[PDB]
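Structure first, commentary second.
There are 2 protein chains.
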Amino acid sequence: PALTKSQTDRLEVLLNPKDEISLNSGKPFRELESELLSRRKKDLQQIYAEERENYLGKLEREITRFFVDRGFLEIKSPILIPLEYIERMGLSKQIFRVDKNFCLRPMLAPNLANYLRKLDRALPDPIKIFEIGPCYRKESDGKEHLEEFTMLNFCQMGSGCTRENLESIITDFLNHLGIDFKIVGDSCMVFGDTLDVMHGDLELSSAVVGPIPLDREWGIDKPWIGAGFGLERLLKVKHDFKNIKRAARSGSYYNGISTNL
Amino acid sequence: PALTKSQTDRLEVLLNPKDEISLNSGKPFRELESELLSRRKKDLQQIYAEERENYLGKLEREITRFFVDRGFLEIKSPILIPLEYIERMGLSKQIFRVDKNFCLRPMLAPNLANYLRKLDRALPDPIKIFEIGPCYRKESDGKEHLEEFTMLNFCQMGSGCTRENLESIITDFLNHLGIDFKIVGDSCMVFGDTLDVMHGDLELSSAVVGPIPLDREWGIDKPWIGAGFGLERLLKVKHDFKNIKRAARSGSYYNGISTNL
Ligand SMILES: Nc1ncnc2c1ncn2[C@@H]1O[C@H](COP(=O)(O)OP(=O)(O)OP(=O)(O)O)[C@@H](O)[C@H]1O
Ligand SMILES: Nc1ncnc2c1ncn2[C@@H]1O[C@H](COP(=O)(O)OP(=O)(O)OP(=O)(O)O)[C@@H](O)[C@H]1O
Ligand SMILES: C#Cc1cccc(COC(=O)NCCCC[C@H](N)C(=O)O)c1
Ligand SMILES: C#Cc1cccc(COC(=O)NCCCC[C@H](N)C(=O)O)c1
Ligand SMILES: [K+]
Ligand SMILES: [K+]
Ligand SMILES: [K+]
Ligand SMILES: [K+]
Ligand SMILES: [Mg+2]
Ligand SMILES: [Mg+2]
Ligand SMILES: [Mg+2]
Ligand SMILES: [Mg+2]
Ligand SMILES: [Mg+2]
Ligand SMILES: [Mg+2]
Numbered sequence: 188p189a190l191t192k193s194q195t196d197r198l199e200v201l202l203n204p205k206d207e208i209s210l211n212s213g214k215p216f217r218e219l220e221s222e223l224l225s226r227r228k229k230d231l232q233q234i235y236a237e238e239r240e241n242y243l244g245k246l247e248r249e250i251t252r253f254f255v256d257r258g259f260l261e262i263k264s265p266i267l268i269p270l271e272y273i274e275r276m277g284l285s286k287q288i289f290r291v292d293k294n295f296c297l298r299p300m301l302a303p304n305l306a307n308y309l310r311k312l313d314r315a316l317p318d319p320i321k322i323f324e325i326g327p328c329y330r331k332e333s334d335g336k337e338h339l340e341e342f343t344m345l346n347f348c349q350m351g352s353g354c355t356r357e358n359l360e361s362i363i364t365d366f367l368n369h370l371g372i373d374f375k376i377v378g379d380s381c382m383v384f385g386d387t388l389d390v391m392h393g394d395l396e397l398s399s400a401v402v403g404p405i406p407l408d409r410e411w412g413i414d415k416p417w418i419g420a421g422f423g424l425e426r427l428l429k430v431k432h433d434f435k436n437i438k439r440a441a442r443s444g445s446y447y448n449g450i451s452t453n454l
Numbered sequence: 188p189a190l191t192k193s194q195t196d197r198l199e200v201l202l203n204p205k206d207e208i209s210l211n212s213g214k215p216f217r218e219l220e221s222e223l224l225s226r227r228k229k230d231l232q233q234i235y236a237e238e239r240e241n242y243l244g245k246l247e248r249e250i251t252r253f254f255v256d257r258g259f260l261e262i263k264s265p266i267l268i269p270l271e272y273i274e275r276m277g284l285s286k287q288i289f290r291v292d293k294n295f296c297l298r299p300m301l302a303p304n305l306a307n308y309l310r311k312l313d314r315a316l317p318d319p320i321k322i323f324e325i326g327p328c329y330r331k332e333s334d335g336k337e338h339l340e341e342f343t344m345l346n347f348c349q350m351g352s353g354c355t356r357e358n359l360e361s362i363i364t365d366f367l368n369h370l371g372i373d374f375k376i377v378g379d380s381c382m383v384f385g386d387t388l389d390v391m392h393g394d395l396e397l398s399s400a401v402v403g404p405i406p407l408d409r410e411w412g413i414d415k416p417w418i419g420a421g422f423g424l425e426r427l428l429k430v431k432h433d434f435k436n437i438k439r440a441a442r443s444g445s446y447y448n449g450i451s452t453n454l
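As they're listed, the protein sequences go chains A and B.
Under UniProt numbering, the letters of the first sequence match residues 188 to 277, 284 to 454, in that order.
Under UniProt numbering, the letters of the second sequence match residues 188 to 277, 284 to 454, in that order.
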């Protein structure tokens, strides 16, 4: 007997990377579904009994410890921001607008630029800060983009803002998480030349060595470096998820396990 | 010499609860401002050198540990939700709308209700879950309301869902944070009868003992208890802030210290 598309989709929802189950092995849908429901119930029961931590929250906490311990100040800035923060940043069709003059932030950079400028009046060189939190863009497009995702951005301004120090921070960070990567040359319209941090064909991060001409519009007038990483992409690599939706804030998956059981 | 309103406001921005400084003591504005700028720079320098943790993030982590250790599953659910989640919940003019069919969640309850229903199919009784994260309402109105604030909601469904267990969890929680409180009877249009958790005239939490008639609309069909707390109000009490804006996500204050230095 052959599986319908609806049946295959249901089994794919219930399958996890650790399974070694063939959906097209001739076993009827009913037995594959019952087997996978039992395994996923067991998996959630184990999480509930023994760990109880959300993957996104736990990764945020692990990242926070890494950067606080290396001298970076932890920032929590608004998610709902002025629409004016563009074209002050220079996408475009991807912005979720809110009322008339606001939007959901698509990136952390504008608030962090404001903090770098302000903190440089008070703190010793170099200024090192980071933020982790939700960002929003109109794009889902399958297995690597979410509309609601979680960004880490760290940055430094003053001394030590060289390409080699930027690459060394990225290397120490991804070594800490156990993720292999390479660095490639890329570009974008906001920052210009970028380094891209790649895991295979998956972009984990865009990183920048300043100064860039945009600095003047933000009152930034010292060398700087910084990088942005999406946490759901990190989780996708760490847990070998086929689709990034497994990693997202959602009511449909808990730690990559279907909640429809 | 007398201070203008603009001068008093500037000094109030720079004053912190720990100061014992009189703004109307006859000293000129210039010397009060210079003294307070020096103290606040020192304060930020100390944070940068020795702790580097954001107050909201650190409190989120402390709360997360408290509830995970007591058997509650940590949830991270979407912040951008369907507008349909009302009037399915039953405010009203306070919702930030996004595009046509979405809004910024004003509360955590609908996503947590969905998780309780789903998890009860997989997990043993009782089901215990919680979430911490941003919520949004159109109201600032001074010293106790923010438009972007951070909610803790914990809840339990099944056995043990009594008023006395709810009060005991609240008591253990606020004792852990070192915050005195009392419980009063209140009501609201969404849940009906509520307990209010009060610190003086400041509402820290609204809590509910189910079942309530709204349960049927969410597929909830067991006893339940739950409570919501605003983290910025907890921080306001803990740090004796005069205005809740000191506690909020912001680019204008870092851990209650003005960033305009
Ligand atoms: N829609 C999205 N969903 C999930 N993660 C994202 C999304 N957009 C960006 N990220 C993450 O944020 C990082 C920095 O993002 P940037 O601001 O450079 O976006 P990006 O270059 O458009 O990413 P991509 O080229 O894959 O669309 C990316 O490398 C990725 O890890
Ligand atoms: N605008 C806000 N700013 C900051 N915290 C809030 C806000 N609204 C609610 N909270 C917090 O969330 C808790 C639960 O909120 P609920 O959903 O009961 O709101 P609420 O009863 O309108 O609060 P209040 O009566 O003070 O307006 C409150 O007890 C408070 O701690
Ligand atoms: C404008 C501006 C600005 C000026 C100076 C300093 C900062 C600090 O902020 C940063 O760290 N920027 C780097 C983020 C890189 C990823 C980014 N989302 C991208 O689209 O490629 C910002
Ligand atoms: C509908 C529904 C629903 C049904 C069953 C269970 C839950 C679980 O969610 C909860 O814990 N609710 C309690 C929150 C109390 C504070 C609240 N913001 C207020 O406006 O007073 C929700
Ligand atoms: K598999
Ligand atoms: K999401
Ligand atoms: K004071
Ligand atoms: K805010
Ligand atoms: Mg993109
Ligand atoms: Mg790209
Ligand atoms: Mg990029
Ligand atoms: Mg209210
Ligand atoms: Mg109230
Ligand atoms: Mg209330």
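Ideal Cβ positions, reconstructed from N, Cα and C, are used throughout, including at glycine.
Under the three-state DSSP convention, the category residue i falls into
i: A/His-338; result: coil
i: B/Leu-267; result: strand
i: B/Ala-420; result: strand
i: A/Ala-315; result: coil
i: A/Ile-320; result: strand
i: residue 283 of chain B; result: Gap in chain B between 277 and 284; residue 283 of chain B lies inside it and carries no coordinates.
i: A/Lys-192; result: helix
i: B/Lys-228; result: helix
i: A/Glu-238; result: coil
i: B/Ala-306; result: helix
i: B/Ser-361; result: helix
i: B/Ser-209; result: coil
i: A/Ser-285; result: coil
i: A/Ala-440; result: helix
Residue i at chain A interface by Cβ criterion, 9 Å
i: B/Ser-285; result: no
i: B/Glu-340; result: yes
i: B/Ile-262; result: yes
i: B/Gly-444; result: yes
i: B/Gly-244; result: yes
i: B/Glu-240; result: yes
i: B/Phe-347; result: no
i: B/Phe-259; result: yes
i: residue 131 of chain B; result: Absent from the model: residue 131 of chain B. The displayed extent of chain B is 188 to 454, so no value can be given.
i: B/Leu-407; result: no
i: B/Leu-454; result: yes
i: B/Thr-251; result: yes
i: B/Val-255; result: yes
i: B/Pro-404; result: no
Minimum Cβ-Cβ distance from residue i to chain B less than 9 Å
i: A/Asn-307; result: yes
i: A/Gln-232; result: yes
i: A/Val-200; result: no
i: A/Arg-248; result: yes
i: A/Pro-416; result: no
i: A/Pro-188; result: no
Residues sharing a beta bridge with residue i, DSSP
i: B/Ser-380; result: B/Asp-386
i: A/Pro-327; result: A/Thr-343
i: A/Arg-290; result: A/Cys-296
i: A/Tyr-446; result: A/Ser-451
i: B/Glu-261; result: B/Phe-323
i: A/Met-391; result: A/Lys-375, A/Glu-396
i: B/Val-401; result: B/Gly-419
i: A/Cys-354; result: The partner list for A/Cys-354 (beta bridge, DSSP) is empty, contrary to what the question assumes.
Report the residues of the stretch 202-228 of chain A with a CB closer than 7 Å to any CB of chain B, ordered along the chain.
-> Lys-228
Can you give me, in chain order, the residues of the stretch 290-319 of chain A that have a beta carbon less than 9 Å from any beta carbon in chain B?
-> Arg-290, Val-291, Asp-292, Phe-295, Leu-297, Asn-304, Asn-307, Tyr-308, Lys-311, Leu-312, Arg-314, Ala-315, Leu-316, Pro-317
By C-beta, the residues closer than 7 Å to any heavy atom of ligand 13, given in chain order | B/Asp-379, B/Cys-381, B/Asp-389, B/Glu-396, B/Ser-399
Going along the stretch 420-446 of chain A in order, which residues come within less than 7 Å of chain B, judged by CB to CB distance?
-> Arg-442, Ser-443, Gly-444
By C-beta, the residues closer than 5 Å to any heavy atom of ligand 8, given in chain order = A/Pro-265, B/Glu-341, B/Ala-441, B/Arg-442
Around ligand 7, which residues pass a check of Cβ closer than 6 Å to any of its heavy atoms?
-> B/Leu-202, B/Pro-204, B/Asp-206
Could you please tell me which residues of the stretch 323-338 of chain A, in chain order, have their CB closer than 8 Å to any CB of chain B?
-> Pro-327, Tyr-329
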